[PDB]
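A.B. asks: before I ask anything, here's the sequence and the deposited coordinates:
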Amino acid sequence: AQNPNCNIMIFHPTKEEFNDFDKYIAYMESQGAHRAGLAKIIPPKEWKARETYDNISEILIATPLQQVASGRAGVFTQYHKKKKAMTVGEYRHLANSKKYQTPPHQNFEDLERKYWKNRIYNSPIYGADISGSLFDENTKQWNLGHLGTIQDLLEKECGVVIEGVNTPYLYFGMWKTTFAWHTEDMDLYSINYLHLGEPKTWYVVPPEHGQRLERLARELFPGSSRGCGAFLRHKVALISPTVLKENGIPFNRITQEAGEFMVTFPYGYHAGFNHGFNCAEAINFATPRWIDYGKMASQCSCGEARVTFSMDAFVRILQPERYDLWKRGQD
Ligand SMILES: O=C(O)CNC(=O)C(=O)O
Ligand SMILES: [Mg+2]
Ligand code: NI
Ligand SMILES: [Zn+2]
């Protein structure tokens, strides 16, 4: 069995190996990468996502989200308060202000320490989930707006034709902006490219141990657990590495820098934070190996998780028994 300790693997494809996206994912899995839940892919030196970022300040963040925390430093939830629209140029200036900027620090470890110590005492503003792409249309390799669609994968594997579309999303971050513990919708893969700016630190639980994290989460968030049998789908709960280590939960951590891709694998729980002003692009995708995970994915039916149009068909075809109750949640 490859990668039996479930370590995060880092890949350095050549320009030749960067041509065929599906093939390279399957290669990484042949080496055991999926067992970690997360992999890093460093693009060949010849590749670029686009020529420059000099012209992005006019993108609109229609609904910036102020991430307000409740709880204790190592175990908290966050709620998203909607703020007035602002441009990326306005957001960048905000991120760089004295109130929101990254503090002085020695290295990534010192910054990680300061994040876990102090996150809860601040409310950083996140421009999340903005439909769009920063890949140049002429970038032919690993262009996250040109991937094969999940609908087409399901059709190729299972024969059924379904409605729905699959497009990327932009994320504009600042110091302390936080992504809560989650897996993807329908336990899909994700791919995330850090276009510019400061790093993103990731934490991940191997897929084979995801239920251990769920059981801890039910213990740590007991009212939330009573409210919903899949409350991590709400994407609000944070648990620190120190607390994970105290409770024996297997995990790994890695920091992504600008110019790097990360892939999350089906049912790989992940969480993290941004080090300063940055812009990431991410999209879900599927492979044949995902289908079985899609069939078994939990679902939020309490009504809180409220997701995309395209998830309907996935539930309807892969989980027909759950369909009815899940759609009651969405309506
Ligand atoms: O970058 C972020 O804020 C969150 N991204 C993801 O969870 C992902 O790419 O799967
Ligand atoms: Mg612009
Ligand atoms: Ni994710
Ligand atoms: Zn729910």
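C.D. replies: Structure received. Numbers count the residues shown, from 1 in each chain. Ligands and ions are numbered 1, 2, ... in the order given.

A.B. asks: thought residue 243 was touching residue 76?
C.D. replies: No - the pair residue 243 / residue 76 is not scored as a contact, 10.4 Å apart, by C-beta atoms under 8 Å. Backbone N, C-alpha and C define where each C-beta goes, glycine included.

A.B. asks: and those two? Which one has more around it.
C.D. replies: Higher neighbour count among residue 243 and residue 76: residue 76, with 20 against 17, using other C-beta atoms under 10 Å.

A.B. asks: in three-state terms, label the more buried one for me.
C.D. replies: Residue 76 carries the three-state label strand when classified by DSSP: H, G, I helix; E, B strand; the rest coil.

A.B. asks: can you give me the buried ones in the helix or strand hosting residue 295?
C.D. replies: Here residue 295 sits within helix 290-296, counting by DSSP states H and E. Using 16 or more other C-beta atoms under 10 Å as the test for burial, helix 290-296 gives 290-291, 293-294.

A.B. asks: ok now that helix, how far from the chain's centre?
C.D. replies: 18 Å (C-alpha atoms, centre = their mean, to the nearest Å).

A.B. asks: which of the buried residues of helix 290-296 come close to ligand 4?
C.D. replies: Applying C-beta under 5 Å from the ion to these, one finds that nothing falls near ligand 4.

A.B. asks: closest to residue 160 out of these?
C.D. replies: residue 291 (11.5 Å; C-beta to C-beta).

A.B. asks: the closest one against residue 159, yeah?
C.D. replies: No - using C-beta under 8 Å as the test, residue 291 is too far from residue 159 to be in contact (12.0 Å).

A.B. asks: contacts only, for the residue in the stretch 101-250 of the chain positioned nearest to ligand 4.
C.D. replies: Across the stretch 101-250 of the chain, no residue is closer to ligand 4 than residue 228, which sits at 3.2 Å (C-beta to the ion). Listed by C-beta atoms under 8 Å, 6 or more residues apart in numbering, the contact set of residue 228 reads 234, 300-302, 304.

A.B. asks: how about residue 192?
C.D. replies: Residue 192 makes contact with 200, 256, 261-264, 280-282, according to C-beta under 8 Å, 6+ apart.

A.B. asks: how about the residues of the stretch 201-331 of the chain by ligand 4?
C.D. replies: Going by C-beta under 5 Å from the ion, the residues of the stretch 201-331 of the chain near ligand 4 are 228, 300, 302, 304.

A.B. asks: which SSE is the residue nearest to residue 128 when sequence neighbours are not counted in?
C.D. replies: In space, and not counting its chain neighbours, residue 128 is closest to residue 171: 5.3 Å by C-beta to C-beta, 6 or more residues apart in numbering. Using DSSP H and E, the element containing residue 171 is strand 169-173.

A.B. asks: and the residue lying farthest from the centre of the chain, how close does it get to residue 69?
C.D. replies: Distance from the centre of the chain peaks at residue 159, with 28.9 Å (C-alpha atoms, centre = their mean). From residue 159 across to residue 69, the span is 46 Å (C-beta to C-beta, to the nearest Å).

A.B. asks: now do residue 228
C.D. replies: Counting by C-beta to C-beta, the gap from residue 228 to residue 69 is 20 Å.

A.B. asks: what are the ranges of the strands in the stretch 101-250 of the chain?
C.D. replies: Counting by DSSP state E, counting those that start in this stretch, one finds strands in the stretch 101-250 of the chain at the ranges 125-131, 169-173, 178-182, 189-197, 200-204, 237-239.

A.B. asks: and the fifth one, what does it pack onto?
C.D. replies: Read it as strand 200-204. helix 108-118, strand 252-256, strand 270-274 (3 or more C-beta pairs under 8 Å, 6 or more residues apart in numbering; DSSP states H and E).

A.B. asks: now these as CSV including distance to ligand 2?
C.D. replies: CSV is the format used below for the helices and strands packed on strand 200-204 (distance: least, C-beta to the ion, whole Å):
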stretch, distance to ligand 2
helix 108-118, 29
strand 252-256, 24
strand 270-274, 21
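
A.B. asks: out of those, nearest to residue 91?
C.D. replies: strand 270-274 (12.3 Å).

A.B. asks: quick one: strands adjacent to the helix or strand just after that closest one?
C.D. replies: In the C-terminal direction, the helix or strand that comes right after strand 270-274 (DSSP H and E) is strand 278-285. Partners of strand 278-285 in the sheet, by DSSP bridges, are strand 169-173 (antiparallel), strand 189-197 (antiparallel).

A.B. asks: got TSV for the ones you listed, with distance to ligand 2 too?
C.D. replies: Shown next, in TSV, are these (distance: least, C-beta to the ion, whole Å):
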stretch	distance to ligand 2
strand 169-173	12
strand 189-197	13
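
A.B. asks: just name the most buried of these.
C.D. replies: strand 169-173 (a mean of 23; mean count of other C-beta atoms under 10 Å).

A.B. asks: still on that earlier bit, now, which of the residues of the stretch 201-331 of the chain next to ligand 4 sits nearest residue 207?
C.D. replies: For these, the nearest to residue 207 is residue 300 (19.3 Å; C-beta to C-beta).

A.B. asks: what's the neighbour count on the closest residue in space to the closest one that isn't next to it in sequence?
C.D. replies: Spatial nearest neighbour of residue 300, chain neighbours left out: residue 233 (3.8 Å); criterion: C-beta to C-beta, 6+ apart. Around residue 233 there are 21 other residues, counting by other C-beta under 10 Å.
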